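The next block holds one structure in the form of structure tokens; read it before the comments.
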Amino acid sequence: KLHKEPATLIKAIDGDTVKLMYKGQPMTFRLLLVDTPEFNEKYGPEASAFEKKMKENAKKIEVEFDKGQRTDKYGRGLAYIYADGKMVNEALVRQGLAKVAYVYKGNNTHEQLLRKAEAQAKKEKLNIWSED
Ligand SMILES: Cc1cn([C@H]2C[C@H](OP(=O)(O)O)[C@@H](COP(=O)(O)O)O2)c(=O)[nH]c1=O
Ligand SMILES: [Ca+2]
């Protein structure tokens, strides 16, 4: 079963990338199963701001690797990130600040959960989904 590990949020890089202190060393993590806009694209600032708000307000950050590859081709950890028990990946999607994306079968544990959040965000026309 997947498991959550301790970490500390050092820097929000952008809406879906964070620098964490993991096992006492800095490591950049890309969130699984999501794609936020770049900082210079519409909703980019907002998505970055959501991560920054987590850093600022979350008392507890946890990293959950999925069942497959743990590091991408750029050396970034690939994980689900939780803030005070709330999955950041899911929250971004639920708020329409990320699309479900990069769904590889080896790391797909939370796919249907996120697709559920996406469908709600789309029905509500939030953020990314408010755009025609
Ligand atoms: C989420 C995720 C992204 N990536 C890679 C694919 C994209 O690489 P390429 O673009 O070279 O194909 C890149 C997107 O990252 P960003 O969305 O952070 O720019 O991250 C993975 O390899 N595995 C993943 O699970
Ligand atoms: Ca992105």
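We're sticking with Swiss-Prot numbering for chain A, so the shown stretch reads 88-127, 134-225, in order.
Recorded method is X-ray crystallography, 1.6 Å.
Cβ atoms are placed via backbone N, Cα and C, with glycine included.
Annotation comment: Swiss-Prot describes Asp103, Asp122, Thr123 as Ca(2+) binding site. Under the heading active site, Swiss-Prot lists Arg117, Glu125, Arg169, citing experimental evidence as support.
Within 10 Å of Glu125 (active site), counting C-alpha to C-alpha distances, fall the following of the recorded positions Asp103, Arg117, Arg169: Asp103. For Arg169 (active site), the spatially nearest entry among the recorded positions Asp103, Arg117, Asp122 is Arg117, judged by CA separation.
Ranking the active-site residues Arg117, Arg169 by other CB atoms within 10 A of the CB puts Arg169 at the bottom.
Within the same chain, the residues at least 6 positions away from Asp103 (Ca(2+) binding site) whose Cβ sits under 8 Å from its Cβ are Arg117, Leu118, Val121, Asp122, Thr123, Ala140, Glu144, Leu185, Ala191, listed in sequence order. When the recorded positions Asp122, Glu125 are compared by the number of other CB atoms within 10 angstroms of each CB, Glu125 has the fewest. The Ca(2+) site is defined by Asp103, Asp122, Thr123, and by the 8 Å test on Cβ atoms against their centroid, the other residues of the chain that qualify are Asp101, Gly102, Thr104, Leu118, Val121, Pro124, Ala140, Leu185, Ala191, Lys192, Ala194. Only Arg117, of the recorded positions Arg117, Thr123, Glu125, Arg169, place a Cβ under 6 Å from an atom of ligand 1. With a CB cut-off of under 6 A applied against ligand 2, the recorded positions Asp103, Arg117, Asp122, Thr123, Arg169 are reduced to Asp103, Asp122, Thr123. In three-state terms derived from DSSP, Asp122 (Ca(2+) binding site) belongs to an extended strand segment.
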